[PDB]
Structures are given as structure tokens and as C-alpha cells.
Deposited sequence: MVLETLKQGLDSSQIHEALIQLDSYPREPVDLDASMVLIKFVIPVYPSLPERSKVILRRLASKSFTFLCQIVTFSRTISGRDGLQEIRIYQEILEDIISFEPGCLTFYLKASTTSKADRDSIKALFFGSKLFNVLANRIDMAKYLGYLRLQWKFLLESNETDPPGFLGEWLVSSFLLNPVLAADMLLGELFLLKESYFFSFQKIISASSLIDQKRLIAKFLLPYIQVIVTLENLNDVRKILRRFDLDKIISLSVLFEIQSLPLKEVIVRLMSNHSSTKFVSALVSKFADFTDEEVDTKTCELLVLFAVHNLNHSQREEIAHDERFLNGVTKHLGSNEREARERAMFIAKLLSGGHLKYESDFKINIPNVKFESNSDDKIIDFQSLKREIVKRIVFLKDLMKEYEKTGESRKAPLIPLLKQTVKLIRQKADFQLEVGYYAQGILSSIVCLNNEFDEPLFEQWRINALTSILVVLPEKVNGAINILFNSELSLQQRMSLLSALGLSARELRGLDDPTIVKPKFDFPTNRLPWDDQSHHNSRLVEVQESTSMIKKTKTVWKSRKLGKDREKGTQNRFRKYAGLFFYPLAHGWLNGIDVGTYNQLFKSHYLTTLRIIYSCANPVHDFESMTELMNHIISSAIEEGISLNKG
């Protein structure tokens, strides 16, 4: 009955009363008609309603979907005030009710039409598109993760298979971010969750199986895999049917040799025989040096780990292999020649005598069925900082442990991408912070990393030199602080000049050169000598510029000044 009343009007505390009355009734759940009435007449006040009324409102979405769906399609139809209200409710729904996904799984999976509409809402993400102006993909995935975790802890067993699709769609939102949260921070947490993961992909389409394992799991494994990891990661891969899922091209992509080896050794002899064939043909048709290299080592791997003496000898007599050897000899890449001769010696005793120490270095790595140490897969916290936004938050820290990891991470991130977004702002803070760092737990090789972090910020964002050179003056740092900053300036200048291509430095020469030159002339051993030397470096690095003449004038005042003064150049 209440659904009839609201259509006409309602005091905001009368709307609350109607809702309370709705909930004392048997649940059922919201039909398309009732939700249409709810969206149009209630939601508009949502924020005004007491927390008790919001909760039963969200639960209605929790159990409908056909309701949620409507709230969504109504949002994109629709100043921005009204949509911001609807956005609110939408975010609070998936925020506070982590059940939705798993609820809809049971209720609205009776047809492919319903499943696909639910996928499009969550994972193709029509939902996220209406929330895009409010929350970002990373935050959304955060919620999505909690959505999976809830279903992962429910009593749902023997997952469907379209559930496989859904997961693929989840990863596709942002592979890298999805992998951090769904893999690193869920499916790879404990046995319980990983067991769920197996079921989900084993009870999943073959095509999807490949995506989940080859295009999402593997690359993540590659990000974390260490030598200490290796054992636990093979424990994880043996848990899947790799023989159906892994193609050469996938095996070619894998950068980690030890990982590549681990996978070669999980392949049946049937797989092995097929790949060895593929590889041999590829070896024979040898055009690309980089690709031939990857091919030869895959051969070596299989020939060594998966083939008998006789199968190895068979290849040695393959016309394909024999001809491929001849073409490698026809190479002018000495390396390519050696590669062939090596593999030929490796395969048989009757090959063509050929003395050389050249080899191909297969790893060679030497644990209980299904007892997996997920802790070892865990990723060093700092190593999973992805956004400069978060680097800076670290530099602003009762700071915990070592700094070299952070500096290492700063280089990684700033150099890889950076870009042109709101990047200038964060880089600037980060640089500022890094200059002021003291070695608090004096770790070896600090300073080097400090210089690296500084140099890389200066190289990626040259005009961040303005603030850096101002910090060298104005702010009060220690000699050392100054010395290494001065070092970064010179180092970055040289990188930008790229002679030691693309004079990426000419465009900024004067930004480095003048503040330092005046610094010298108007203000002015160990230190002055360094200053002078790094100024000399910057001066040479600016060797074409165009106002180089002006620079030269300033410069012999500085040089002549140095002479009297008695300071020395450091052949840097």
C-alpha cells in the first residue's frame, strides 16, 4: 500500500515513516514498477532521511538489482544538483552493502539477458560511468574487490561459469589496478580465497580460462616473482591446466627467465613436443635477432628439461634444424652464429666440431603439494605505490622503516610515465622532500639513491629545476644535502643533453645555467669546487643553446673569479 501513498506526496519524515512501514512487511523485493516509484519520489531526499531509513533503502537496492539498474539508467538520462544526490545513493549502496553482487548472483541469473545486464552495470561499468565524476577507477575497484570478497565468503559453491566472464570483465576495467586488488589483495591472500579462484576458473570457459590465467594472473605473478617466491609460484601454476592455457606467444612474452623455466617444466611431453616443433620451425625461419634469441633459449630450456637424449638427437637431424643452423652461420651477428653452434652441440654429439665457451644460460632451479606460502607472494608495501599522490604522502611521514626502498620506488614511478596530468604539483613536493632527507637509519648507498631520485625528477620534468635551484639557495640544508643536490643538477643536465640522443637540454639550458652563474658571481673549497665543477658541466651541456655567447661571457668572469679565489675544477 505504501507504494501507492508516496506517489502523491510526503513530508521528509513521512517518507521515513512509509519506509519503516515497508520493512516490517515480508521482504519480497522491488518490482520494476515499485522501484520507478521509489526513484522518482524518495531518493531525492535520501541525504535528508535518518540513518535508519537510508539503511533499509539501500537494502532494497541490495536485493533488487532491477531497482539499482533503474537508479542508474535514470541517472544518465538526467544543474548537476539532482544527479549528485543520486550519485550519493549509488556510491553508498556499493559502499555499505557489499552483498549486492553476491545477492544478484542468486536472484537475477535466470537468463543470459539478466546476467549480461548485471555485468554491464558492474564491470563494463555503467555504474562507474555515472560515478565517474565522484570517484575514480581505483576507488571503484576497491569497492568491486569488497563485492567479490563478500561473495567469496558466502556459501555459494560450484560457481557458474559466467562468473568467469564477470571476473574477466572486472580485470579488464584496469588490469594493473585490478590485479593489485583482486589478485594481490584477495585471491592470492589465503588458501580459502585461492581455492575459490581455482574453482571459478576451472568451472569457467576455456577462452576465459586463458584470459584469467595468461593475460591477468601471469603478468601479475611476473611483477612479484622473486627467487624466494619461485617455489611458491610454481606451486600455484601447477594448480592449473597449463597445457591447455599457455601458447608460445605467452611463453615468449615472459621476461623472467627463472619463471619462464618453471613454466617450461610444467608442460607435458606432448605440449613439449609441439612447442619444440614450433620453436624449431621458428629457429629455421630466422629473421628477427631479438626474437631468435628468445626462441633459442626456449629451445635450450625444453631440450634440456623436457626431452630425452634421443628426442634431442631427432631435432639434431631435423632438416628444419639443419637448415636453420646454416642460416645462423650466414648471419653477420656473431652472436647468432654462436647460438646455433651451441644448440647444435647441445642436441647431439655429431654436429660439426666447434670450440667456443659460448653458452646459453638456462637458469637451473632445484615444498609440499598444495601447502602454499601466500605470505611470500605478498608485495613489499612500498613496491605497490602506483600514484605520485601516494609517494608524497609517504615522504610526509612517526616515519616507519628504510628510505632507500622509497627512493628506489620514486625513481621507478617518476621515470615510467610520470604524466602532464596534475603531475607537476606532486613531483615538486616529492623533490622538495627528497632534498631535505637525512639518512635517519644510515643505510648504505643512500645519497646515491637520493641523487637518483632527484636526477630522475629533473630529467622527466626539467623545469622542476626552478624550484630545485631555489631550494639550493633560500632553504637551509646541510653541506651534504647541498652537495648531492648540486650533483643531481649536473647529472640531469648531462642526461638531458643525451651525449653520454636528442639534446633534450637545449630547451632548458638557461634554467640550469643562469641561477647558478649568478649564485656564484653575486654570492659565491670542497663545496665551491663542486659548485664550480657542476656549473662547468651545465655550461658544456648547454653547448648549442643560442645565448651561449652570453653564457660564455658570464662564464669567464666566473672562471677568472675562481682562479683568484683559488678554487679548482674537478675534472667531472
* To do: Compare what was deposited with what's modelled and send me the C-alpha-less stretches, numbered from 1.
  => 79-82, 371-374, 406-408, 430, 513-569, 594-599
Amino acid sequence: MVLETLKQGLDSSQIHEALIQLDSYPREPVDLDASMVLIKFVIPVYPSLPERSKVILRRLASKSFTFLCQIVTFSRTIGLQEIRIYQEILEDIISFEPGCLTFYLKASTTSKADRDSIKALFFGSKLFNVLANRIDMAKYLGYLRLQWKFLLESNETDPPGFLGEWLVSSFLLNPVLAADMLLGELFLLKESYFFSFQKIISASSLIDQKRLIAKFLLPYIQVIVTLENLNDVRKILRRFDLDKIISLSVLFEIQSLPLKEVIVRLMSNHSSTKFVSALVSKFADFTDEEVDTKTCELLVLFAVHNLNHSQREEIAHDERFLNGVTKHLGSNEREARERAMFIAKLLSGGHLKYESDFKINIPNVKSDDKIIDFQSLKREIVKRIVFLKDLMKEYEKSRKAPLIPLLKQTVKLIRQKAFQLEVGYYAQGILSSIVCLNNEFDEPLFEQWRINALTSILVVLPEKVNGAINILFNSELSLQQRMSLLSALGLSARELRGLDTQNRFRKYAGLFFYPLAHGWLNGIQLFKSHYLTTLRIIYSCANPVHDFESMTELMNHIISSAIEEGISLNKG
From here on, numbers count along this sequence of modelled residues.
* To do: Using only the Cα atoms and their B-factors as the entry lists them, report which of 457-465 and 398-406 averages higher.
  => 398-406
* Asked: Looking only at CA atoms, which has the higher mean B factor in the entry: 286-294 or 82-90?
  -> 82-90
* **Top Cα B factor in the deposited entry, candidates 412, 106, 260, 211** => 106
* **Top Cα B factor in the deposited entry, candidates 272, 367, 331, 281** => 367
* To do: Pull the Cα B-factor of residue 241 out of the PDB entry and bin it into the chain's lowest, middle or highest third.
  => middle
* Asked: So where's residue 389 on the chain's Cα temperature factor ranking, which third?
  -> middle
* Could you say whether, by C-alpha temperature factor, residue 305 belongs to the lowest, middle or highest third of its chain? => lowest
* Is the Cα B-factor recorded for residue 512 in the lowest, middle or highest third of its chain? -> lowest
* To do: Select lowest, middle or highest to describe the third in which the CA B-factor of residue 338 falls within its chain in this entry.
  => lowest
